[PDB]
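Let's start with one chain on its own, the form solved without its partner chain, as structure tokens.
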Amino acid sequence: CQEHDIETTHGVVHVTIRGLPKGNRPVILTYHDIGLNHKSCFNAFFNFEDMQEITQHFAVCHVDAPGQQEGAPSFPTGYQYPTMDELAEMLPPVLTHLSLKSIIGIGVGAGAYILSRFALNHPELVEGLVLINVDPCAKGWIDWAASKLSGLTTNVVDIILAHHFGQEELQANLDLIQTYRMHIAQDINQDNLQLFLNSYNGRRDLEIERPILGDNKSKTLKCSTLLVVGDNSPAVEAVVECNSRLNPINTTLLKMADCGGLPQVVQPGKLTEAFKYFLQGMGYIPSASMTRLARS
């Protein structure tokens, strides 16, 4: 429940530890996506019925991107210096301040990129990642051109929903879409939100390669990974390209069915089961039983 706001290097990062460190057991570290904080996305997932058993044996260390925390001031020019490498740079200070040893990633969009960069920088501190809707490449050429021709005459919030939800749901505009544009338009300081989005666009391609058995190969996430992406999500090709250029022994691809946009708030019952099996395969909660076998 502690809400330590540690300051380091290029800014002040606000974390909310919703648990008690069980000795040196790894603590689940959560990073949000653009356009929202931890409360909007992960408070609707860690509060699920099946997710209670996982959080009982672990600790939650919800972290907030600098400026996206609730009730935050602004800056006339801002100049949100932290880039993706830099945004991943201040995580080890956060771990050291809170007396942390190892973490298990929780990554959505930009948070997935930050956690992947953090794991690639210091593989010893990261035990595993469950990156959701991860994009290891930059905007490219045609997509970059579309961004700089369409977003100029379009609202920032609208481009946020375009990045988050698929075109089918966006055109349908069901209850979830407005329930979330409410929390994206409000509950967020726009002055820093736009700067964070601009920093997100200004990303360098993550260096990762699928091992080929040939010494000169580029480095890759040696920790176990689970790539979660909805079947009707815009970042399907991004995750599939991220599933490639990765070690198949450790990483898993979970193309969630009947889902899209945000698998952690649309279908939490299946993501919780996948997360429990991912943790059990890593050696944790070995006596938590099996969900489809529990009701018998």
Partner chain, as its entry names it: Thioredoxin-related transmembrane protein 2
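Residue numbers count along the first chain shown, from 1. Under this definition, the rigid core comprises the largest set of C-alpha atoms superposing within 1.5 Å between the forms.
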query: Unresolved deposited residues lying between neighbours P73 and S74; finding: none
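One more form of this protein, solved in complex with its partner chain, exists but is not displayed; see below.
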{"item": "Contact residue in the bound PDB entry, chosen from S99, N155, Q178, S218 - any heavy atom within 4.5 Å of its partner chain", "value": "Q178"}
{"item": "Per-stretch contact check against its partner chain in the bound PDB entry, the hit in 72-80, 89-97, 178-186, 112-120 (non-hydrogen atom, 4.5 angstroms)", "value": "178-186"}
{"item": "In the bound PDB entry, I54 touching its partner chain (heavy atom, 4.5 Å)", "value": "no"}
{"item": "Distance check, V265 to its partner chain in the bound PDB entry, heavy atom within 4.5 Å", "value": "yes"}
{"item": "Contact label in the bound PDB entry: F48 to its partner chain, heavy atom within 4.5 Å", "value": "yes"}
{"item": "Partner contact for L174 in the bound PDB entry: its partner chain, 4.5 angstroms, heavy atom", "value": "yes"}
{"item": "Residues from 30-44 in contact with its partner chain (non-hydrogen atom within 4.5 Å) in the bound PDB entry", "value": "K39, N43, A44"}
{"item": "Mobile residue between this form and the one not shown, C-alpha criterion 2 Å or more, rigid core, from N198, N155, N173, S74", "value": "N173"}
{"item": "Yes/no, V12 Cα shift of 2 Å or more between this form and the one not shown with rigid core fixed", "value": "no"}
{"item": "Core-superposed C-alpha of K22 shifting 2 Å or more between this form and the one not shown", "value": "yes"}
{"item": "In the bound PDB entry, shift in Cα separation for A44 relative to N173, 3 Å or more", "value": "closer"}
{"item": "Sense of the change in Cα distance from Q80 to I34 in the bound PDB entry - at least 3 Å versus the shown form", "value": "farther"}
